[PDB]
Amino acid sequence: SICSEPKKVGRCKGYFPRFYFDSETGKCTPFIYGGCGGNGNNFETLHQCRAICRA
């Protein structure tokens with residue numbers, strides 16, 4: 001699942017703080033997104049990063 005992606009920002013550098021399932025650590029964790037060039041493992045909240053990947 002999108003669980004498997006690491007953090008990826010994007011081409012755009014806008015300060016959109018988002019959460020990734022930091023599968024590198026096994027955590028949900030914040031990162032800066034930047035709208036343009038996003039990936040799937042990119043969630044508004046720990047709530048979502050959690051719910052979608054790990055109950």
# chains A, B, ... in the order shown; residues from 1 in each chain; ligands from 1
>>> residues_around(residues="region 14-24 of chain A", least_positions_apart="6", cutoff="8 Å", atoms="only C-alpha atoms", output="ChimeraX atom specification")
/A:3-7,30-35,41-46,49-50,53
>>> atom_distance(atom1="CA of residue 10 (chain A)", atom2="CA of residue 29 (chain A)")
16.8 Å
>>> select_by_dssp(residues="chain A", states="helix (DSSP H, G or I)", output="list in words")
residues 2, 3, 4, 46, 47, 48, 49, 50, 51, 52 and 53 of chain A
>>> select_by_dssp(residues="chain A", states="strand (DSSP E or B)", output="number ranges by chain")
A: 17-22, 27-32, 43
>>> atom_distance(atom1="CA of residue 9 (chain A)", atom2="CA of residue 40 (chain A)")
11.1 Å
>>> closest_residue(among="A:25, A:1, A:8, A:13", to="residue 39 (chain A)", atoms="only C-alpha atoms")
A:8
>>> decode(residues="region 3-37 of chain A", atoms="N, CA, C and O atoms", output="short mmCIF file (atom, residue, chain, number, x, y, z; two decimals), in the first residue's frame")
data_model
loop_
_atom_site.label_atom_id
_atom_site.label_comp_id
_atom_site.auth_asym_id
_atom_site.auth_seq_id
_atom_site.Cartn_x
_atom_site.Cartn_y
_atom_site.Cartn_z
N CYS A 3 1.59 3.00 2.29
CA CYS A 3 2.46 2.70 3.43
C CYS A 3 3.93 2.60 3.00
O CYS A 3 4.82 3.09 3.69
N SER A 4 4.20 1.94 1.87
CA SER A 4 5.55 1.60 1.47
C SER A 4 6.38 2.81 1.00
O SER A 4 7.60 2.68 0.90
N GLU A 5 5.77 3.95 0.66
CA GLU A 5 6.54 5.08 0.18
C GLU A 5 7.31 5.75 1.34
O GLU A 5 6.74 5.89 2.42
N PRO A 6 8.53 6.24 1.12
CA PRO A 6 9.21 7.13 2.04
C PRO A 6 8.68 8.56 1.87
O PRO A 6 7.82 8.82 1.02
N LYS A 7 9.22 9.51 2.64
CA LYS A 7 8.94 10.93 2.42
C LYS A 7 9.46 11.37 1.06
O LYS A 7 10.60 11.10 0.69
N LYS A 8 8.62 12.12 0.36
CA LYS A 8 8.91 12.84 -0.86
C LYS A 8 8.20 14.18 -0.74
O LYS A 8 7.02 14.19 -0.41
N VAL A 9 8.91 15.29 -0.96
CA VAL A 9 8.34 16.62 -0.86
C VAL A 9 7.49 16.85 -2.12
O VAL A 9 6.30 16.57 -2.14
N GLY A 10 8.14 17.30 -3.19
CA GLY A 10 7.51 17.65 -4.44
C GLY A 10 8.40 18.66 -5.15
O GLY A 10 9.45 19.04 -4.62
N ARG A 11 8.00 19.09 -6.34
CA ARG A 11 8.69 20.14 -7.07
C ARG A 11 8.43 21.46 -6.35
O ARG A 11 9.37 22.17 -5.98
N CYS A 12 7.16 21.74 -6.04
CA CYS A 12 6.79 22.97 -5.37
C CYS A 12 7.28 22.89 -3.93
O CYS A 12 7.47 21.80 -3.39
N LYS A 13 7.60 24.04 -3.33
CA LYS A 13 8.27 24.11 -2.03
C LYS A 13 7.38 24.83 -1.01
O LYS A 13 7.87 25.35 -0.01
N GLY A 14 6.07 24.89 -1.26
CA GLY A 14 5.14 25.60 -0.39
C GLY A 14 5.08 24.93 0.98
O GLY A 14 5.19 23.71 1.10
N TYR A 15 4.86 25.74 2.02
CA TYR A 15 4.83 25.25 3.39
C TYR A 15 3.46 24.64 3.68
O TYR A 15 2.65 25.21 4.41
N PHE A 16 3.24 23.47 3.10
CA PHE A 16 2.13 22.59 3.46
C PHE A 16 2.69 21.52 4.39
O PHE A 16 3.22 20.53 3.89
N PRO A 17 2.64 21.69 5.72
CA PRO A 17 3.01 20.62 6.63
C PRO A 17 1.99 19.49 6.46
O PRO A 17 0.78 19.72 6.55
N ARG A 18 2.47 18.28 6.17
CA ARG A 18 1.67 17.08 6.01
C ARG A 18 2.34 15.98 6.82
O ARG A 18 3.41 16.20 7.39
N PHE A 19 1.74 14.79 6.87
CA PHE A 19 2.22 13.62 7.58
C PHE A 19 2.46 12.52 6.57
O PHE A 19 1.63 12.34 5.67
N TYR A 20 3.54 11.77 6.72
CA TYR A 20 3.77 10.54 5.98
C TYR A 20 3.84 9.43 7.02
O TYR A 20 4.27 9.67 8.15
N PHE A 21 3.41 8.23 6.64
CA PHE A 21 3.80 7.03 7.37
C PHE A 21 5.27 6.85 7.04
O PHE A 21 5.63 6.39 5.96
N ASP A 22 6.10 7.27 7.98
CA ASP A 22 7.53 7.14 7.95
C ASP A 22 7.80 5.66 8.20
O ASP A 22 8.11 5.24 9.31
N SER A 23 7.62 4.88 7.13
CA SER A 23 7.90 3.45 7.11
C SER A 23 9.38 3.20 7.36
O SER A 23 9.75 2.09 7.72
N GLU A 24 10.22 4.23 7.17
CA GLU A 24 11.65 4.17 7.40
C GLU A 24 11.81 3.86 8.91
O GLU A 24 12.60 3.00 9.29
N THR A 25 11.03 4.55 9.75
CA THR A 25 10.99 4.38 11.21
C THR A 25 9.89 3.42 11.69
O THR A 25 9.97 2.91 12.81
N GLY A 26 8.82 3.25 10.91
CA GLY A 26 7.57 2.64 11.34
C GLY A 26 6.65 3.64 12.06
O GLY A 26 5.73 3.22 12.77
N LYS A 27 6.87 4.94 11.89
CA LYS A 27 6.11 6.01 12.54
C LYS A 27 5.11 6.62 11.55
O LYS A 27 5.26 6.48 10.35
N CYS A 28 4.10 7.36 12.02
CA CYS A 28 3.52 8.50 11.30
C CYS A 28 4.32 9.71 11.75
O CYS A 28 4.68 9.79 12.93
N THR A 29 4.66 10.63 10.85
CA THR A 29 5.58 11.72 11.15
C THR A 29 5.33 12.88 10.19
O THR A 29 4.97 12.62 9.04
N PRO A 30 5.49 14.14 10.64
CA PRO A 30 5.31 15.30 9.79
C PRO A 30 6.44 15.45 8.76
O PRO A 30 7.57 15.01 8.99
N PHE A 31 6.15 16.09 7.63
CA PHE A 31 7.09 16.48 6.58
C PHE A 31 6.46 17.68 5.87
O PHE A 31 5.28 17.96 6.08
N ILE A 32 7.22 18.41 5.06
CA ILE A 32 6.69 19.51 4.27
C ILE A 32 6.42 18.97 2.87
O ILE A 32 7.30 18.35 2.28
N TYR A 33 5.20 19.17 2.37
CA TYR A 33 4.73 18.60 1.12
C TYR A 33 5.12 19.48 -0.07
O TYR A 33 6.04 19.14 -0.80
N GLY A 34 4.41 20.58 -0.29
CA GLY A 34 4.53 21.34 -1.53
C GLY A 34 3.66 20.71 -2.62
O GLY A 34 4.07 19.75 -3.26
N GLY A 35 2.46 21.27 -2.82
CA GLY A 35 1.38 20.77 -3.66
C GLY A 35 1.86 20.02 -4.90
O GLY A 35 1.58 18.83 -5.09
N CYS A 36 2.56 20.74 -5.77
CA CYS A 36 3.02 20.18 -7.04
C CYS A 36 4.20 19.22 -6.88
O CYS A 36 5.28 19.58 -6.40
N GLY A 37 3.99 17.98 -7.34
CA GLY A 37 4.94 16.87 -7.29
C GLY A 37 4.70 15.92 -6.10
O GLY A 37 5.60 15.17 -5.74
#
